[PDB]
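Just so you know, the sequences run in chain order A and C. Going by PDB author numbering, the first residue of the first sequence is number 789, and it counts up by one from there. If you count by PDB author numbering, then the second sequence holds residues 643 to 679, 686 to 690, one letter each, in order.
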Amino acid sequence: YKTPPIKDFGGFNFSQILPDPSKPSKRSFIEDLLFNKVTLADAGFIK
Amino acid sequence: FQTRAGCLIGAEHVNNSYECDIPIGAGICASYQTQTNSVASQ
Ligand SMILES: *[C@@H]1O[C@H](CO)[C@@H](O[C@@H]2O[C@H](CO)[C@@H](O[C@@H]3O[C@H](CO)[C@@H](O)[C@H](O[C@H]4O[C@H](CO)[C@@H](O)[C@H](O)[C@@H]4O)[C@@H]3O)[C@H](O)[C@H]2NC(C)=O)[C@H](O)[C@H]1NC(C)=O
Ligand SMILES: *[C@@H]1O[C@H](CO)[C@@H](O[C@@H]2O[C@H](CO)[C@@H](O)[C@H](O)[C@H]2NC(C)=O)[C@H](O)[C@H]1NC(C)=O
Ligand SMILES: *[C@@H]1O[C@H](CO)[C@@H](O)[C@H](O)[C@H]1NC(C)=O
Numbered sequence: 789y790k791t792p793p794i795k796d797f798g799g800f801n802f803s804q805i806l807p808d809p810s811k812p813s814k815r816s817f818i819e820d821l822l823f824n825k826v827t828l829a830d831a832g833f834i835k
Numbered sequence: 643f644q645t646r647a648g649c650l651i652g653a654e655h656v657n658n659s660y661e662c663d664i665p666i667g668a669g670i671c672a673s674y675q676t677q678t679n686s687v688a689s690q
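Structure, rendered in structure tokens:
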């Protein structure tokens, strides 16, 4: 499912949890906050 | 074909998207289909 372009949610405001198009990773503000908070080790990339 | 999981040899790479048939890794899956190579050749 995809949220509609117009965010007319009766005064409720979900900007900080919905995806942020600008970021290369389509993650919300809080998701980015969490990802930066956790200092992951041993990512397991191609290396 | 080069993939985030490693080197994949012997599988043609398409740019469509289907359901994961045989999971490989890093979002890449493999499947057995006609997929051109034609319309019946598998
Ligand atoms: C839903 O809630 C979020 C809460 O973040 C809101 O997004 C932004 O929140 C801030 C703070 O409430 C709004 O005010 C900003 O305040 C900071 C300082 O604290 C200023 O630096 C901002 O100035 C500029 O930057 C903003 C973002 O780039 C611009 O929107 C703003 O016009 C200025 O250019 C700003 O004054 C901020 O206005 C909102 N908006 C944005 C886009 O950040 C969000 O707006 C709420 N949802 C709706 C529909 O309003
Ligand atoms: C071996 O893996 C490394 C990445 O870990 C790559 O090697 C280089 O890739 C870039 C181009 O993408 C260039 O620097 C060179 O073509 C490659 N060699 C060197 C010394 O940089 C690449 O994925 C693999 N090696 C090759 C030749 O493709
Ligand atoms: C697949 O993606 C686009 C067409 O959808 C094209 O630019 C690209 O070359 C294609 N790659 C292969 C291996 O077919």
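Where a beta carbon is used, it is the ideal one built from N, C-alpha and C, also for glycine.
Leaving out the 5 sequence neighbours to the left and right, which residues in its chain are closer than 7 Å to residue i when beta-carbon positions are compared?
{"i": "residue 654 of chain C", "result": "677, 679"}
{"i": "residue 668 of chain C", "result": "645, 646, 647"}
{"i": "residue 806 of chain A", "result": "791, 816"}
{"i": "residue 660 of chain C", "result": "673"}
Between the beta-carbon of residue i and the beta-carbon of residue j, is there less than 8 Å?
{"i": "residue 666 of chain C", "j": "residue 647 of chain C", "result": "yes"}
To the nearest whole angstrom, what separates the beta carbons of residue i and residue j, a pair I think is in contact under 8 Å?
{"i": "residue 794 of chain A", "j": "residue 804 of chain A", "result": "Contact doesn't hold; Cβ gap of about 18 Å is too wide."}
{"i": "residue 671 of chain C", "j": "residue 662 of chain C", "result": "4 Å"}
Cutting at 8 Å between CB atoms, please list the residues of its own chain near residue i, excluding the five before and the five after it.
{"i": "residue 749 of chain A", "result": "Any property of residue 749 of chain A remains undetermined from this structure, which presents chain A solely from 789 to 835."}
{"i": "residue 656 of chain C", "result": "677"}
Ligand 5 and residue i: does the residue's C-beta get closer than 7 Å to at least one heavy atom of that ligand?
{"i": "residue 651 of chain C", "result": "In terms of ligand content, the structure shown lacks ligand 5 and carries ligand 1, ligand 2 and ligand 3 instead."}
*When a residue counts only if its C-beta is closer than 7 Å to some heavy atom of ligand 1, which residues count, in chain order?*
Every residue with a CB closer than 7 Å to a heavy atom of ligand 1 is listed here in chain order: A/795, A/801, A/803, A/804.
*Quick one: residues with CB closer than 6 Å to any heavy atom of ligand 3, in chain order, please.*
Spelled out in chain order, the answer is C/655, C/657.
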